[PDB]
>>> print(open('final38.cif').read())   # mmCIF, C-alpha atoms
data_work
loop_
_atom_site.label_atom_id
_atom_site.label_comp_id
_atom_site.auth_asym_id
_atom_site.auth_seq_id
_atom_site.Cartn_x
_atom_site.Cartn_y
_atom_site.Cartn_z
CA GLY Y 282 27.88 -22.85 -40.96
CA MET Y 283 25.48 -25.48 -39.64
CA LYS Y 284 27.67 -26.03 -36.57
CA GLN Y 285 27.53 -22.28 -35.88
CA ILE Y 286 23.71 -22.40 -35.98
CA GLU Y 287 23.83 -25.43 -33.66
CA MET Y 288 25.82 -23.36 -31.13
CA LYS Y 289 23.34 -20.48 -31.23
CA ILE Y 290 20.45 -22.91 -30.72
CA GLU Y 291 22.07 -24.51 -27.65
CA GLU Y 292 22.72 -21.05 -26.19
CA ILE Y 293 19.04 -20.22 -26.76
CA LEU Y 294 17.94 -23.53 -25.20
CA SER Y 295 20.00 -22.79 -22.09
CA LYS Y 296 18.53 -19.28 -21.81
CA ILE Y 297 15.02 -20.77 -22.05
CA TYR Y 298 15.86 -23.48 -19.50
CA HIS Y 299 16.91 -20.89 -16.91
CA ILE Y 300 13.91 -18.66 -17.70
CA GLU Y 301 11.53 -21.61 -17.19
CA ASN Y 302 13.17 -22.30 -13.83
CA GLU Y 303 12.84 -18.65 -12.79
CA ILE Y 304 9.16 -18.66 -13.83
CA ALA Y 305 8.53 -21.79 -11.75
CA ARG Y 306 10.12 -20.05 -8.75
CA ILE Y 307 8.13 -16.84 -9.38
CA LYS Y 308 4.80 -18.69 -9.52
CA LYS Y 309 5.51 -20.26 -6.11
CA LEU Y 310 6.56 -16.89 -4.64
CA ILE Y 311 3.40 -15.20 -5.94
CA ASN Y 312 1.18 -17.83 -4.31
CA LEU Y 313 2.67 -16.88 -0.91
CA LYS Y 314 1.71 -13.20 -1.37
CA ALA Y 315 -1.42 -11.63 0.11
CA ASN Y 316 -4.22 -10.41 -2.17
CA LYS Y 317 -5.38 -6.79 -1.99
CA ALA Y 318 -8.94 -8.13 -1.77
CA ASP Y 319 -8.19 -10.15 1.41
CA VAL Y 320 -6.43 -7.46 3.49
CA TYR Y 321 -6.93 -3.97 4.89
CA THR Y 322 -4.51 -1.14 4.18
CA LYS Y 323 -2.85 1.13 6.78
CA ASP Y 324 -5.45 3.90 6.39
CA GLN Y 325 -8.19 1.43 7.43
CA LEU Y 326 -6.50 0.14 10.61
CA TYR Y 327 -5.31 1.19 14.04
CA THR Y 328 -2.00 -0.30 15.17
CA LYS Y 329 -1.38 -1.92 18.57
CA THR Y 330 0.26 1.34 19.65
CA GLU Y 331 -2.82 3.38 18.71
CA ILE Y 332 -5.26 0.93 20.31
CA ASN Y 333 -3.08 0.88 23.45
CA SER Y 334 -3.27 4.69 23.64
CA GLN Y 335 -7.06 4.65 23.28
CA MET Y 336 -7.40 1.89 25.89
CA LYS Y 337 -5.11 3.73 28.34
CA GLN Y 338 -7.37 6.80 28.08
CA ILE Y 339 -10.40 4.65 28.91
CA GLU Y 340 -8.51 3.11 31.85
CA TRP Y 341 -7.68 6.63 33.10
CA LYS Y 342 -11.35 7.67 32.98
CA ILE Y 343 -12.41 4.46 34.74
CA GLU Y 344 -9.84 5.04 37.50
CA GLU Y 345 -11.07 8.63 37.97
CA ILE Y 346 -14.60 7.21 38.31
CA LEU Y 347 -13.46 4.61 40.86
CA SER Y 348 -11.84 7.37 42.93
CA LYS Y 349 -15.04 9.46 42.78
CA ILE Y 350 -17.12 6.45 43.88
CA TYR Y 351 -14.76 5.69 46.76
CA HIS Y 352 -15.02 9.31 47.94
CA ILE Y 353 -18.83 9.12 47.75
CA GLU Y 354 -18.87 5.87 49.77
CA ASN Y 355 -16.91 7.62 52.51
CA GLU Y 356 -19.15 10.71 52.34
CA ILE Y 357 -22.06 8.34 52.93
CA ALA Y 358 -20.23 6.67 55.84
CA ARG Y 359 -19.70 10.14 57.36
CA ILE Y 360 -23.39 11.07 56.92
CA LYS Y 361 -24.37 7.80 58.62
CA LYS Y 362 -21.89 8.53 61.46
CA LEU Y 363 -20.41 5.14 60.63
CA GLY L 282 18.61 -20.74 -46.45
CA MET L 283 21.24 -20.07 -43.79
CA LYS L 284 20.43 -16.35 -43.83
CA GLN L 285 16.76 -17.22 -43.23
CA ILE L 286 17.75 -19.28 -40.17
CA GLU L 287 19.92 -16.36 -39.00
CA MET L 288 16.84 -14.09 -39.12
CA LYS L 289 14.73 -16.50 -37.09
CA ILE L 290 17.50 -16.78 -34.49
CA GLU L 291 17.80 -12.98 -34.09
CA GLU L 292 14.01 -12.74 -33.69
CA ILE L 293 14.21 -15.42 -30.99
CA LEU L 294 17.13 -13.64 -29.27
CA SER L 295 15.12 -10.41 -29.15
CA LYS L 296 12.08 -12.21 -27.70
CA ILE L 297 14.32 -13.73 -25.01
CA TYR L 298 15.97 -10.37 -24.30
CA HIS L 299 12.60 -8.73 -23.60
CA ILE L 300 11.40 -11.72 -21.54
CA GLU L 301 14.54 -11.55 -19.38
CA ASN L 302 13.90 -7.84 -18.81
CA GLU L 303 10.27 -8.51 -17.85
CA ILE L 304 11.39 -11.26 -15.43
CA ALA L 305 13.89 -8.88 -13.80
CA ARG L 306 11.07 -6.34 -13.33
CA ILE L 307 8.69 -9.01 -11.99
CA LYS L 308 11.20 -10.24 -9.39
CA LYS L 309 11.57 -6.69 -8.05
CA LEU L 310 7.78 -6.18 -7.99
CA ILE L 311 7.26 -9.46 -6.10
CA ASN L 312 9.77 -8.45 -3.41
CA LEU L 313 7.61 -5.38 -2.66
CA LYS L 314 4.51 -7.54 -2.04
CA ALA L 315 3.33 -8.61 1.40
CA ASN L 316 3.44 -12.29 2.42
CA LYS L 317 0.26 -14.04 3.56
CA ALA L 318 2.25 -15.29 6.57
CA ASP L 319 3.09 -11.73 7.73
CA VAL L 320 -0.39 -10.14 7.56
CA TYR L 321 -3.93 -10.56 8.86
CA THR L 322 -6.92 -10.82 6.54
CA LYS L 323 -10.12 -8.74 6.73
CA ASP L 324 -12.03 -11.40 8.71
CA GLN L 325 -9.39 -11.17 11.48
CA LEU L 326 -9.44 -7.38 11.90
CA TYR L 327 -11.63 -4.47 12.92
CA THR L 328 -11.28 -1.32 10.83
CA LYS L 329 -10.84 2.20 12.24
CA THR L 330 -14.56 2.76 11.60
CA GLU L 331 -15.52 -0.32 13.63
CA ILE L 332 -13.12 0.48 16.48
CA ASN L 333 -14.42 4.07 16.50
CA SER L 334 -18.00 2.78 16.86
CA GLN L 335 -17.02 0.50 19.75
CA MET L 336 -15.08 3.30 21.46
CA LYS L 337 -17.98 5.76 21.04
CA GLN L 338 -20.28 3.28 22.82
CA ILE L 339 -17.83 3.07 25.72
CA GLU L 340 -17.62 6.88 25.82
CA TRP L 341 -21.43 7.04 25.96
CA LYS L 342 -21.56 4.63 28.92
CA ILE L 343 -18.80 6.56 30.72
CA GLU L 344 -20.68 9.84 30.21
CA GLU L 345 -23.89 8.28 31.58
CA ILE L 346 -21.87 7.17 34.63
CA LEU L 347 -20.39 10.66 35.09
CA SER L 348 -23.91 12.15 35.03
CA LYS L 349 -25.11 9.59 37.62
CA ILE L 350 -22.13 10.39 39.87
CA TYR L 351 -22.74 14.14 39.57
CA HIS L 352 -26.39 13.63 40.56
CA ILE L 353 -25.32 11.53 43.57
CA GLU L 354 -22.83 14.20 44.67
CA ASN L 355 -25.65 16.75 44.69
CA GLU L 356 -28.00 14.33 46.50
CA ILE L 357 -25.29 14.08 49.17
CA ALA L 358 -24.94 17.88 49.30
CA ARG L 359 -28.72 18.11 49.82
CA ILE L 360 -28.65 15.49 52.61
CA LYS L 361 -25.84 17.43 54.31
CA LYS L 362 -27.86 20.67 53.93
CA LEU L 363 -24.79 22.01 52.16
CA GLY K 282 20.21 -30.64 -41.97
CA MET K 283 18.27 -27.43 -42.58
CA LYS K 284 14.98 -29.20 -41.84
CA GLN K 285 16.44 -30.38 -38.52
CA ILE K 286 17.31 -26.77 -37.62
CA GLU K 287 13.78 -25.75 -38.65
CA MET K 288 12.36 -28.28 -36.15
CA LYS K 289 14.53 -26.98 -33.31
CA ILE K 290 13.46 -23.41 -34.09
CA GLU K 291 9.73 -24.28 -34.01
CA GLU K 292 10.24 -26.07 -30.67
CA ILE K 293 11.96 -22.94 -29.35
CA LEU K 294 9.17 -20.70 -30.70
CA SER K 295 6.56 -22.81 -28.91
CA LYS K 296 8.53 -22.67 -25.64
CA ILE K 297 8.71 -18.87 -25.96
CA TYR K 298 5.00 -18.63 -26.82
CA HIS K 299 4.02 -20.46 -23.61
CA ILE K 300 6.53 -18.46 -21.53
CA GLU K 301 5.07 -15.18 -22.85
CA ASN K 302 1.59 -16.39 -21.91
CA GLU K 303 2.75 -17.34 -18.40
CA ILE K 304 4.41 -13.92 -17.99
CA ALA K 305 1.18 -12.18 -19.04
CA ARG K 306 -0.69 -14.21 -16.41
CA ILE K 307 1.97 -13.49 -13.75
CA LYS K 308 1.84 -9.72 -14.34
CA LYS K 309 -1.93 -9.75 -13.79
CA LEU K 310 -1.58 -11.89 -10.63
CA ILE K 311 1.08 -9.56 -9.21
CA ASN K 312 -1.16 -6.51 -9.69
CA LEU K 313 -3.76 -8.16 -7.41
CA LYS K 314 -1.22 -8.56 -4.58
CA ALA K 315 -0.90 -6.16 -1.66
CA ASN K 316 2.23 -4.02 -1.25
CA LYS K 317 4.26 -4.21 1.95
CA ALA K 318 4.16 -0.40 2.03
CA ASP K 319 0.33 -0.31 2.10
CA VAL K 320 -0.34 -2.85 4.88
CA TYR K 321 0.48 -3.58 8.51
CA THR K 322 2.03 -6.87 9.62
CA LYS K 323 0.74 -9.15 12.40
CA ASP K 324 3.10 -7.70 15.04
CA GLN K 325 1.55 -4.25 14.48
CA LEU K 326 -2.11 -5.29 14.85
CA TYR K 327 -4.63 -6.69 17.31
CA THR K 328 -7.07 -9.23 15.89
CA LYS K 329 -10.85 -9.15 16.43
CA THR K 330 -10.37 -11.82 19.12
CA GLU K 331 -7.84 -9.67 20.99
CA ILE K 332 -9.90 -6.49 20.69
CA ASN K 333 -12.98 -8.43 21.86
CA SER K 334 -11.07 -9.59 24.96
CA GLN K 335 -9.95 -6.04 25.76
CA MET K 336 -13.48 -4.68 25.24
CA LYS K 337 -15.01 -7.42 27.43
CA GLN K 338 -12.67 -6.39 30.27
CA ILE K 339 -13.82 -2.78 29.92
CA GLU K 340 -17.46 -3.93 29.90
CA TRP K 341 -16.80 -5.91 33.11
CA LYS K 342 -15.33 -2.85 34.86
CA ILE K 343 -18.24 -0.68 33.68
CA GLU K 344 -20.76 -3.23 35.01
CA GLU K 345 -18.96 -3.33 38.38
CA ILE K 346 -19.21 0.49 38.45
CA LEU K 347 -22.93 0.40 37.60
CA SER K 348 -23.52 -2.03 40.48
CA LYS K 349 -21.57 0.22 42.88
CA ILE K 350 -23.61 3.25 41.76
CA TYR K 351 -26.89 1.38 42.18
CA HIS K 352 -25.88 0.38 45.73
CA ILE K 353 -24.98 4.01 46.52
CA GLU K 354 -28.34 5.24 45.19
CA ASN K 355 -30.09 2.86 47.57
CA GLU K 356 -27.81 3.86 50.47
CA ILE K 357 -28.91 7.44 49.79
CA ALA K 358 -32.58 6.39 49.67
CA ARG K 359 -32.10 4.70 53.07
CA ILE K 360 -30.43 7.81 54.55
CA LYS K 361 -33.34 9.93 53.27
CA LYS K 362 -35.82 7.42 54.79
CA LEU K 363 -37.27 7.21 51.29
#
>>> encode(input="final38.cif", output="structure tokens")
Amino acid sequence: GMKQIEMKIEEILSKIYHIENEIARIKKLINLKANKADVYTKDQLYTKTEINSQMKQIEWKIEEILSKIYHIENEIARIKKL
Amino acid sequence: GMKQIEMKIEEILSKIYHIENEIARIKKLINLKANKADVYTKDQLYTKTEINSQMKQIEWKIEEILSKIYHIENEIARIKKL
Amino acid sequence: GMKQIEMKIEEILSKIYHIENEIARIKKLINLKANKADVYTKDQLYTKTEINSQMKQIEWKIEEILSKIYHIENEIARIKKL
């Protein structure tokens, strides 16, 4: 059954051929992936949404300050009879 | 030694079987990994700790301003004899 | 042609040997890659450059406020003839 062995070998060669192709693809895919060492994880970062919320709170405080200052400027104008 | 060849073939088939299984696993693993193109690296980002430090400095400045404004309001009250 | 079969088998064994080595390497590489589940993507994050721009705008507003307050302090000094 030498011909039978020859058939099993060709089957094996085709399996290997497709595996080698899949490995070539995999290696390329892996090179497009980010390393753990080069990135930060979610626990280490604020999102845009979170930063926006923090910034909006600062804006609010600044606007309250601007209103206070404007009131003071008019209080001064009143004191100066001006 | 046809039986001997048959043994080597079965050994090879089992090696291939396990390789194919490992490749299937790998492909699934890879699909769960983040692409370099979709993420920022550490050099491009501030952490929560860094943002917190920056925000705390802004808070400090705002509190110094609020204290200045409160002093000015009382200076005005004193000028008004009020 | 038993010797011919023996040659094809050794060729196959060497192909498998190198594949197994490449798979071992791949598995190690994959373990160094970041998971999608553990990271944020670009659309979800501000970069250092963007945060710096936002912070610089806050600094600008704070400096404008400090200048306003300094002017008011001197207006008060003038009112007090002091």
>>> interface_residues(input="final38.cif", of="chain Y", to="chain L", cutoff="9 Å", atoms="only C-alpha atoms", output="VMD selection string")
chain Y and resid 282 to 283 286 289 to 290 293 296 to 297 300 303 to 304 307 310 to 316 318 to 321 324 to 327 332 335 to 336 339 342 to 343 346 349 to 350 353 356 to 357 360
>>> axis_aligned_box(input="final38.cif", around="stretch 318-335 of chain L", padding_each_side="8 Å", output="AutoDock Vina command-line options")
--center_x -7.5 --center_y -5.6 --center_z 13.1 --size_x 37.1 --size_y 35.4 --size_z 29.2
>>> atom_distance(input="final38.cif", atom1="atom CA of residue K:338", atom2="atom CA of residue Y:334")
16.0 Å
>>> atom_distance(input="final38.cif", atom1="atom CA of residue L:302", atom2="atom CA of residue L:285")
26.3 Å
>>> atom_distance(input="final38.cif", atom1="atom CA of residue K:345", atom2="atom CA of residue K:363")
24.8 Å
>>> build_atoms(input="final38.cif", residues="stretch 295-317 of chain Y", atoms="N, CA, C and O atoms", output="mmCIF file, in the coordinates of the input")
data_model
loop_
_atom_site.group_PDB
_atom_site.id
_atom_site.type_symbol
_atom_site.label_atom_id
_atom_site.label_comp_id
_atom_site.auth_asym_id
_atom_site.auth_seq_id
_atom_site.Cartn_x
_atom_site.Cartn_y
_atom_site.Cartn_z
ATOM 1 N N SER Y 295 19.556 -23.008 -23.459
ATOM 2 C CA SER Y 295 20.000 -22.790 -22.090
ATOM 3 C C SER Y 295 19.371 -21.544 -21.472
ATOM 4 O O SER Y 295 18.993 -21.561 -20.301
ATOM 5 N N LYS Y 296 19.241 -20.477 -22.259
ATOM 6 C CA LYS Y 296 18.530 -19.280 -21.810
ATOM 7 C C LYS Y 296 17.090 -19.608 -21.428
ATOM 8 O O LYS Y 296 16.610 -19.190 -20.376
ATOM 9 N N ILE Y 297 16.411 -20.362 -22.289
ATOM 10 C CA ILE Y 297 15.020 -20.770 -22.050
ATOM 11 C C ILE Y 297 14.914 -21.641 -20.802
ATOM 12 O O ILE Y 297 14.026 -21.437 -19.976
ATOM 13 N N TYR Y 298 15.826 -22.599 -20.665
ATOM 14 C CA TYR Y 298 15.860 -23.480 -19.500
ATOM 15 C C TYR Y 298 15.892 -22.696 -18.191
ATOM 16 O O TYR Y 298 15.118 -22.978 -17.274
ATOM 17 N N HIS Y 299 16.772 -21.702 -18.114
ATOM 18 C CA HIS Y 299 16.910 -20.890 -16.910
ATOM 19 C C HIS Y 299 15.695 -19.982 -16.685
ATOM 20 O O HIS Y 299 15.276 -19.781 -15.546
ATOM 21 N N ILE Y 300 15.138 -19.446 -17.769
ATOM 22 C CA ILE Y 300 13.910 -18.660 -17.700
ATOM 23 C C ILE Y 300 12.752 -19.493 -17.142
ATOM 24 O O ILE Y 300 12.029 -19.037 -16.259
ATOM 25 N N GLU Y 301 12.584 -20.706 -17.660
ATOM 26 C CA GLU Y 301 11.530 -21.610 -17.190
ATOM 27 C C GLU Y 301 11.670 -21.891 -15.700
ATOM 28 O O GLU Y 301 10.677 -21.920 -14.973
ATOM 29 N N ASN Y 302 12.904 -22.095 -15.251
ATOM 30 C CA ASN Y 302 13.170 -22.300 -13.830
ATOM 31 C C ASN Y 302 12.815 -21.071 -13.001
ATOM 32 O O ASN Y 302 12.208 -21.197 -11.942
ATOM 33 N N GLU Y 303 13.176 -19.887 -13.487
ATOM 34 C CA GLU Y 303 12.840 -18.650 -12.790
ATOM 35 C C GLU Y 303 11.324 -18.425 -12.731
ATOM 36 O O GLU Y 303 10.808 -17.958 -11.719
ATOM 37 N N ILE Y 304 10.619 -18.768 -13.805
ATOM 38 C CA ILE Y 304 9.160 -18.660 -13.830
ATOM 39 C C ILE Y 304 8.503 -19.611 -12.825
ATOM 40 O O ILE Y 304 7.546 -19.239 -12.147
ATOM 41 N N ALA Y 305 9.024 -20.831 -12.726
ATOM 42 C CA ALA Y 305 8.530 -21.790 -11.750
ATOM 43 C C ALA Y 305 8.679 -21.249 -10.323
ATOM 44 O O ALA Y 305 7.750 -21.326 -9.516
ATOM 45 N N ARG Y 306 9.851 -20.687 -10.032
ATOM 46 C CA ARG Y 306 10.120 -20.050 -8.750
ATOM 47 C C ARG Y 306 9.159 -18.884 -8.488
ATOM 48 O O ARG Y 306 8.559 -18.793 -7.418
ATOM 49 N N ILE Y 307 9.031 -17.997 -9.470
ATOM 50 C CA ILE Y 307 8.130 -16.840 -9.380
ATOM 51 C C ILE Y 307 6.698 -17.247 -9.038
ATOM 52 O O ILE Y 307 6.076 -16.658 -8.154
ATOM 53 N N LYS Y 308 6.177 -18.248 -9.738
ATOM 54 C CA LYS Y 308 4.800 -18.690 -9.520
ATOM 55 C C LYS Y 308 4.576 -19.144 -8.080
ATOM 56 O O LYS Y 308 3.532 -18.862 -7.494
ATOM 57 N N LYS Y 309 5.568 -19.826 -7.511
ATOM 58 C CA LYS Y 309 5.510 -20.260 -6.110
ATOM 59 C C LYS Y 309 5.554 -19.064 -5.162
ATOM 60 O O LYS Y 309 4.765 -18.988 -4.222
ATOM 61 N N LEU Y 310 6.473 -18.134 -5.416
ATOM 62 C CA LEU Y 310 6.560 -16.890 -4.640
ATOM 63 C C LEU Y 310 5.241 -16.134 -4.623
ATOM 64 O O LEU Y 310 4.773 -15.720 -3.563
ATOM 65 N N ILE Y 311 4.652 -15.953 -5.801
ATOM 66 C CA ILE Y 311 3.400 -15.200 -5.940
ATOM 67 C C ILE Y 311 2.273 -15.817 -5.117
ATOM 68 O O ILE Y 311 1.488 -15.098 -4.501
ATOM 69 N N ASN Y 312 2.203 -17.143 -5.088
ATOM 70 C CA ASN Y 312 1.180 -17.830 -4.310
ATOM 71 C C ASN Y 312 1.293 -17.623 -2.794
ATOM 72 O O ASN Y 312 0.319 -17.826 -2.070
ATOM 73 N N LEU Y 313 2.471 -17.214 -2.324
ATOM 74 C CA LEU Y 313 2.670 -16.880 -0.910
ATOM 75 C C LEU Y 313 2.343 -15.418 -0.580
ATOM 76 O O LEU Y 313 2.404 -15.026 0.584
ATOM 77 N N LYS Y 314 1.995 -14.618 -1.587
ATOM 78 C CA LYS Y 314 1.710 -13.200 -1.370
ATOM 79 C C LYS Y 314 0.226 -12.956 -1.118
ATOM 80 O O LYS Y 314 -0.638 -13.651 -1.663
ATOM 81 N N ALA Y 315 -0.053 -11.957 -0.290
ATOM 82 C CA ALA Y 315 -1.420 -11.630 0.110
ATOM 83 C C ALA Y 315 -2.118 -10.840 -0.988
ATOM 84 O O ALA Y 315 -1.513 -9.966 -1.606
ATOM 85 N N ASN Y 316 -3.395 -11.147 -1.211
ATOM 86 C CA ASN Y 316 -4.220 -10.410 -2.170
ATOM 87 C C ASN Y 316 -4.724 -9.101 -1.574
ATOM 88 O O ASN Y 316 -5.062 -9.039 -0.393
ATOM 89 N N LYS Y 317 -4.795 -8.067 -2.406
ATOM 90 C CA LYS Y 317 -5.380 -6.790 -1.990
ATOM 91 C C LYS Y 317 -6.798 -7.003 -1.466
ATOM 92 O O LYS Y 317 -7.193 -6.398 -0.473
#
